[PDB]
C-alpha cells in the first residue's frame, strides 16, 4: 500500500514532536521525499510525530518482514543465529547463494551431545509462483511458508519459534523540537566548572537573559543520554526546581537553564555565609527543597541523586532542586540500574543500593541525609566511616546521631526518613508542612546558639 510503511525496530520518543512506535507497527508517511526524519501517523495509535527514516520499510516490500535478512551469506546467517540467548528454532529467511532466485530458511538447532548448530533449507520457486522446501508442500508466499512452519516442523529440525534478533542502527542525527535554539543566541562568559562529561558556564541568551549552559564533551556519553536531563525538565516545572530554557542538539550539545547566582548548597554552607546561619534559616531552606520534592512526588517522578551538592542557591536563601541527570518517570516494573546510580553511597537507601529499587521513598531517605548536611553546615555524612563500610552498617541498623545544637525533634524527623521499610517513611508532602510549621508547631521555645 503506497504511503504505508512498517517499522523494522522499536523507537522511544525523546522530544515533544517525535513518535514512539514498536517494530511491526504500520505508519502513514505521505512525504518521504527526504531528510533523515519523516512525519508519520500511526495506524495503530492514531498518533502523529517524527520518525527516523532508517527505521521503516515500505509496506509492499519483503523488507517489511522482520525475519527477512536479504543478501547475507550462509556463514553470516550462522553467526547471527548462534547467539547464546536464541531459543531453539530461531530463524531467518535470506537469499540463496547457490541457486539464483531461490531463498533459504536458516534455523538454530541443538545436538544433545555437541551443542548449538544451524540447519539450512533451500526455498525454491516455481513458474506458477509457488514457494517450497519440499515439492509436496507449496505456498503462494514466503509469508505463508513461514506461518506454516511456525505451526508444525513437518520435516524441519524444529518448529520456527523466534525471529532472529539483530542490532538496532543509530538514528541519523537527533530529533529536535521547539526547545531548540540557534547557538548564535548564546554568549559564554564565565566557566563555572568542568569534569569528565563536559563543562558548565554562565552566559547570556538573546543578549538579555542570564543563563547557565551545561555542555557535553564529545566521545563521553551519548547526546541522547545527556539530553535525558532536558526531557525531564520539559515536564517538571515548579518554583523550587531549576527551570529549563532551551537546548542545542548538535555537538557540542548544550542544555540552557536559569542561572542560580550562589552555586551549590554544599559550597554555600561551607563558605562564609554558613557561619552566620542558624536553625531558622536552615529549616527554611529544607522546607523549600521539600516543596520541590513534593512536586516531583505528585508528578510521579524520582530524582535519584538528591544531596546538597545538587541543590542550587540564589540570593536570599532561595534553594532549588537541580541535576535531573538521573531522574526518571516511575514505571510499574523493575529495571537493571546502571552501576553508577547508587553512588555516592552515603545518600542512597539500602533497597536502592542493593536491589535497584529507586522510588520516591528512596529520595526521602536521601532527604534525611541532606538534613544532616544542613544542620552540620556541609559535613560529610557518617564521619569517620569509609564508603565501603556504609551499606553493611546501615543495613544492620546504624543511624547518624543527633548533630550538636540540633533539636531532638528534627533528628526524629531524620530518623523517620531512614526507616528500614520504605512505606513507613514520610511523604515529601508531610515533610514540607512539618518544616514550614516547625517554629510554631514543634519548637515554639527555640532560641539560637552559636551554631544553630
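Numbering follows the first chain given and starts at 1.
Q: Tell me which of 318-326 and 127-135 has the higher mean C-alpha B-factor in the deposited entry.
A: Between 318-326 and 127-135, it is 127-135.
Q: Would 164-172 or 289-297 have the larger average of its C-alpha temperature factors, as given in the entry?
A: For C-alpha atoms only, the mean B-factor is higher in 164-172.
Q: Which of these has the highest Cα B-factor in the record: 313, 309, 282, 147?
A: Of 313, 309, 282, 147, 147 has the highest C-alpha B-factor.
Q: Hey, out of 28, 427, 47, 32, whose CA B-factor is highest in the deposited coordinates?
A: Answer, based on the entry's C-alpha B-factors: 32.
Q: According to the PDB entry, is the CA B factor of residue 445 in the bottom, middle or top third of its chain, that is, lowest, middle or highest?
A: Residue 445: CA B-factor falls in the highest third of its chain.
Q: Of the three thirds of its chain by CA temperature factor, lowest, middle or highest, which one includes residue 54?
A: CA B-factor rank for residue 54: middle third.
Q: By its CA B factor, does residue 398 count among the lowest, middle or highest third of the modelled residues in the chain?
A: CA B-factor rank for residue 398: highest third.
Q: Ranking the modelled residues of this chain by C-alpha B-factor as given in the entry, is residue 197 in the lowest, middle or highest third?
A: Answer is highest: the recorded C-alpha B-factor places it there.
Q: So where's residue 7 on the chain's Cα temperature factor ranking, which third?
A: Tercile = lowest for this residue's CA B-factor.
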